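One chain comes next, on its own, written as structure tokens: the form deposited in one PDB entry.
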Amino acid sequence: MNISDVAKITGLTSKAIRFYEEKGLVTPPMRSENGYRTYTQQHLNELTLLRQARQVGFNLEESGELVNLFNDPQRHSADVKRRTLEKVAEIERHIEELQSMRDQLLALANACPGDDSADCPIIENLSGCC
């Protein structure tokens, strides 16, 4: 298969695919006498994994490490679980963080008469003036 073929089956863009290849994150596909990248089923799996890892919040470096595990048949299914559970934690800390913001913001907008007067305790609050 060629790249646009793989693109559409995986939901990745072409540029994305080249980019992962460039970054050492996936196995390079063979070229053809014309240089067109030429993919096999394996590459498909690698890329799909990559994309699916991304959608579920792994970053590239980590998505890559998941791919290095896909390619090790002596892997421990545990070293993944661990990885996967950190990512849950991290996702958890990040949700805490956004709630604090939700909170801080909601406080500010209660106090705002939002009435077309120009005193705006949001602004006043956001800058330490007054």
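Only residues modelled in both forms are compared. All residue numbers are counted from 1 along the displayed sequence. In this text, rigid core is short for the largest set of C-alphas that superpose within 1.5 Å between two forms.
Omitted here: the form deposited in another entry. The next part is about that form.
- Core-superposed comparison between the shown form and the other one: the CA of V80 exceeds or equals a 2 Å shift.
- If you compare C-alpha positions, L69 and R83 are 3 angstroms or more closer together in that other deposited form than in the form on display.
- A change of 3 Å or more separates the two forms for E46 and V88: their C-alpha atoms lie closer together in that other deposited form.
- In a core-based superposition, a mobile segment is defined as at least three consecutive common residues whose CA atoms each shift by 2 Å or more; between the shown form and the other one, just one such segment exists, spanning 73-111.
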